[PDB]
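Here you get one chain, nothing else, as structure tokens; it is the form deposited without the ligand.
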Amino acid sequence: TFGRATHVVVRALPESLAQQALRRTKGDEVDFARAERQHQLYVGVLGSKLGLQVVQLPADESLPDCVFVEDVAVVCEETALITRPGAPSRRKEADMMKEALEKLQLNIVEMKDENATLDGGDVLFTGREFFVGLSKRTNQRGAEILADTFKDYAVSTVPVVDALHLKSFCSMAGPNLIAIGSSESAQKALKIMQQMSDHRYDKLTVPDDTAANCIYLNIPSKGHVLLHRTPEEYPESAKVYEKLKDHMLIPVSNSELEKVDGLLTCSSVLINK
């Protein structure tokens, strides 16, 4: 069943994240203490509230972005692709992630090609196929290696225009359901994805691009579950998610890490064992 997961890998925030953030903040500074609380709440939802087995990796002060585990690995079925992140400063994050996934007994494939880069944030897995954003972080070679890794699934690329990652404005909200932003860029990207696929997807359109990034899970003890940004953060988008009457909706705060481009999907790697 699409969206089923039994384990989740997360990683603690390093204090060094605050320092590196000073050069990323477009405005308001990051409240580190609050970022930590929001992370604690996030992990609490995944583990305590939903019952997933949590693998908590320790922070590495030499890796300021280590909390964003999604970018270092893409998991499909029983295989994990350990990526080669676009940012060189994040390459070592693959070390502990590889160990974590090895211990979860997954088949491991490493992106070693020195001319290939790929951030997990640029990968949208619909359950039927993959869409990979060609951005400043992920290149063609990277998309090809992902395609060679998950041979039983089609992989199509889409240009990422005025955003960091493909998932900066989309994510899966349920079976055959793609949550998508309303910006010119988001809508164009969606049109391209729909044109390349031979399958018609349903869509959930939200006014705030960032709020289109959510986490969908299928929990046996709860059914359809969706972690989405709070009404306090994005009132108009939360109103749209409320339309999903068959989903267990869980509002999750992320105001701090969003300041450094970290959205909801960024802080976890889900595995179905």
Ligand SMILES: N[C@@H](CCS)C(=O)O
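Residues that one form lacks are left out of the comparison. Heads up: residue numbers just count along the shown sequence, starting at 1. For clarity, a rigid core is taken as the largest C-alpha set superposing within 1.5 Å between two forms.
Heads up, the form deposited with the ligand bound isn't pictured, but that's what we're talking about next.
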Open vs blocked, site of the ligand as found in the bound PDB entry, superimposed, 2.4 Å to backbone or C-beta
open
So which of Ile82, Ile180, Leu164, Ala143 reaches within 4.5 angstroms of the ligand in the bound PDB entry, heavy atom to heavy atom?
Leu164
Segment assignment from 60 to 68, 225 to 233, 40 to 48, 241 to 249: heavy atom within 4.5 Å of the ligand in the bound PDB entry
60 to 68
For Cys266, is any heavy atom within 4.5 Å of the ligand in the bound PDB entry, or not?
yes
Would you check, heavy atoms only and a 4.5 Å threshold, whether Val260 touches the ligand in the bound PDB entry?
yes
Core superposed first: is there a CA shift of 2 Å or greater at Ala21 between this form and the one not shown?
yes
Since the C-alpha distance between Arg24 and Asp31 changes by 3 Å or more in the bound PDB entry, give its direction relative to the shown form: closer or farther.
farther
Look at the CA atoms of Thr25 and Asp31: state whether they lie closer or farther apart in the bound PDB entry than in this form, given a difference of 3 Å or more.
farther
Where does the protein shift between this form and the one not shown, taking runs of 3+ residues with every CA moved 2 Å or more once the core is matched?
21 to 26
